[PDB]
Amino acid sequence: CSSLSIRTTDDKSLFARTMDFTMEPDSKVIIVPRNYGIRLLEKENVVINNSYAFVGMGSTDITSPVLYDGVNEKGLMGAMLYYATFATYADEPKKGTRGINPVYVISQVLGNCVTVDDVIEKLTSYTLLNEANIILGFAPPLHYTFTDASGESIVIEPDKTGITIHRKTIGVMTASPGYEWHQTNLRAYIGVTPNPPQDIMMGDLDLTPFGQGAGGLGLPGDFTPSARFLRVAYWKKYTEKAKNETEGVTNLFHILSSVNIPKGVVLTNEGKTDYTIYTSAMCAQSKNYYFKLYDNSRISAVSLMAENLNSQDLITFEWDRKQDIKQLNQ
């Protein structure tokens, strides 16, 4: 997975992510209303009544809704992404905390926090535990990003030493290694720019670029988390600023096209195809959630505030996996 946030010229914060994985568990757009109640652990029936309604992509396959990303009615945005070989969870909670299953972190935070500081305060009351789930069969190795209405972003990483918080980050996150490593890695690529290099001579030979784009020489094109981070970060820096919410969604999806993974192009060590199942964006000020799918390029949108946020039940929207082609003539 890959993710970033941007700010528009009309003072709106937007966040977007690709979800890259090897299977499509039954996933849909889920609106969780206020006071629905969300479990902390799947093997215990302790429930936190959530203050806030929120909308995002997720699964209803276990006891409480598992949100992969989303935005709440107070403009807080966030996502869980993979963090293989780095994520570390405890067997028992630390003194003064309750255990939480890593897959309920987004649902719990979007249900209960407004600012990135709220999020940091909230997570001190919990210890992530090594609790499995039936969709995957194991606890996935995860890390977490949040962006609030102000545009401030944070990264939360369950490292071997404990929870590592990174404040006021560049608003880009992919997978392993840790955020500091990628932030440092950025420095090796500062020569990657939009501008062409000057012509040179070798002897009596004039040498000029083949066409355009030679300013990017040195940027990698593979789909490793470190390469994905570089592409999302550099193209976030150089893509034109979005003037409004629509341009924000459009631009986010253009930046993420450089990390969109076709089926077959990346295989796991077991030969499973790891691909971009969907791409989503969300806006803190409007509380609109947008998505497109591997099989459908047409962006769909769900407005959180359009619904009865005191509903008794979840409100869900199913994926349309048919390429939604506008016929201009028969």
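Numbers follow the displayed sequence, beginning with 1.
*Asks:* Should the higher mean CA B-factor in the entry be assigned to 41 to 49 or to 279 to 287?
*Replies:* Mean C-alpha B-factor is greater for 41 to 49.
*Asks:* Which is higher on average in the deposited entry, the C-alpha temperature factors of 226 to 234 or of 102 to 110?
*Replies:* Taking the mean B-factor of the alpha carbons in each, 102 to 110 is higher.
*Asks:* From 239, 145, 176, 97, can you pick the one with the highest C-alpha B factor in the entry?
*Replies:* Across 239, 145, 176, 97, the entry lists the biggest C-alpha B-factor for 97.
*Asks:* Taking the values straight from the PDB record, which of 249, 256, 214, 90 has the highest C-alpha temperature factor?
*Replies:* Largest recorded C-alpha B-factor: 90.
*Asks:* Quick check for you: using the entry's CA B-factors within this chain, is residue 1 in the lowest, middle or highest third?
*Replies:* It belongs to the highest third of the chain when residues are ordered by C-alpha B-factor.
*Asks:* If you rank the chain by CA B-factor, which third does residue 141 end up in: lowest, middle or highest?
*Replies:* For residue 141, whose C-alpha B-factor we compare with every modelled residue in the chain, the answer is the middle third.
*Asks:* Pull the Cα B-factor of residue 74 out of the PDB entry and bin it into the chain's lowest, middle or highest third.
*Replies:* Middle third.
*Asks:* By its CA B factor, does residue 17 count among the lowest, middle or highest third of the modelled residues in the chain?
*Replies:* Its C-alpha B-factor, which the entry lists for residue 17, ranks in the lowest third among residues of this chain.
*Asks:* Please rank the C-alpha B-factors of the chain's modelled residues and tell me whether residue 157 sits in the lowest, middle or highest third.
*Replies:* Its C-alpha B-factor belongs to the lowest third of this chain's values.
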